[PDB]
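This report concerns only the one structure given below.
2 protein chains.
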Amino acid sequence: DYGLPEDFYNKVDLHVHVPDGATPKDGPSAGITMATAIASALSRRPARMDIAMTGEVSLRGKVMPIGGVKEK
Amino acid sequence: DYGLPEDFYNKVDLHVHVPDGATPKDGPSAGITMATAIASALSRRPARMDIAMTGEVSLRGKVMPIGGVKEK
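Laid out in structure tokens, this is it:
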């Protein structure tokens, strides 16, 4: 649907750096960030600027709430 | 009997999330939960809404009794 290959968890490795993930938040609270990061990297599409994101991800793909949207 | 593709254990990969890690007690109290979840995912049919359950499963497809049904 977005240019990704049909199978890329069997033929493409991944390294995922994170600057500071030992956040006070119990969860990551940066799920969709990694979702779009992986999609951009594997599809070779540039992730836009000036759009800072946050939100959890489920395996089905529903963006749950996050704690402390004021800080975000 | 429950509408699944005839090849689901040979050509369809699967992932399962259970929140708060596992239960540090002995005995996964959501066996039939996993059964019905896997069935619903592979059925390509929308599951219903807020039908709570608990227990375990057997190799032949039976529900085992579980202790501590009280606090649940």
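Protein chains in written order, with the deposited numbering: chain B, 650 to 721; chain A, 650 to 721. From the three backbone atoms N, C-alpha and C, an ideal C-beta is built for every residue, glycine too.
Under a three-way DSSP split, which group does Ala686 of chain B fall into? helix
Which class does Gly670 of chain A belong to by DSSP, given the choice of helix, strand or coil? Secondary structure of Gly670 of chain A (DSSP, three-state): coil.
Nearest-angstrom Cα distance between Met702 of chain A and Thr685 of chain A? Answer to the nearest angstrom: the Cα atoms are 10 Å apart.
Using the C-alpha atoms, what's the distance from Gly680 of chain A back to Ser707 of chain A? If you draw a straight line from the Cα of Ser707 of chain A to the Cα of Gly680 of chain A, it is about 9 Å long.
Starting from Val706 of chain A, follow its DSSP beta bridges and name the residues at the other end. A:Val712
What are the partner residues of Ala679 of chain A, as DSSP defines its beta bridges? Looking at the DSSP output, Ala679 of chain A shares a beta bridge with A:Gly704.
Below 6 Å, is the gap between the Cβ of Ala696 of chain B and the nearest heavy atom of the ligand SAM? This structure does not include the ligand SAM; it has no bound ligands of any sort.
DSSP state of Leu691 of chain B mapped onto helix, strand, coil: helix
Just checking, does the segment 650 to 666 of chain B make contact with the segment 689 to 698 of chain B on the three C-beta pairs under 8 Å criterion? As far as the Cβ criterion goes, the segment 650 to 666 of chain B touches the segment 689 to 698 of chain B, which means the pair count is three or higher.
Determine whether the beta carbon atoms of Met713 of chain B and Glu705 of chain B lie at a separation below 7 Å. yes
Top-ranked residue by Cα proximity to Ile715 of chain A, from A:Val661, A:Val667, A:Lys674 and A:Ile700: A:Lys674
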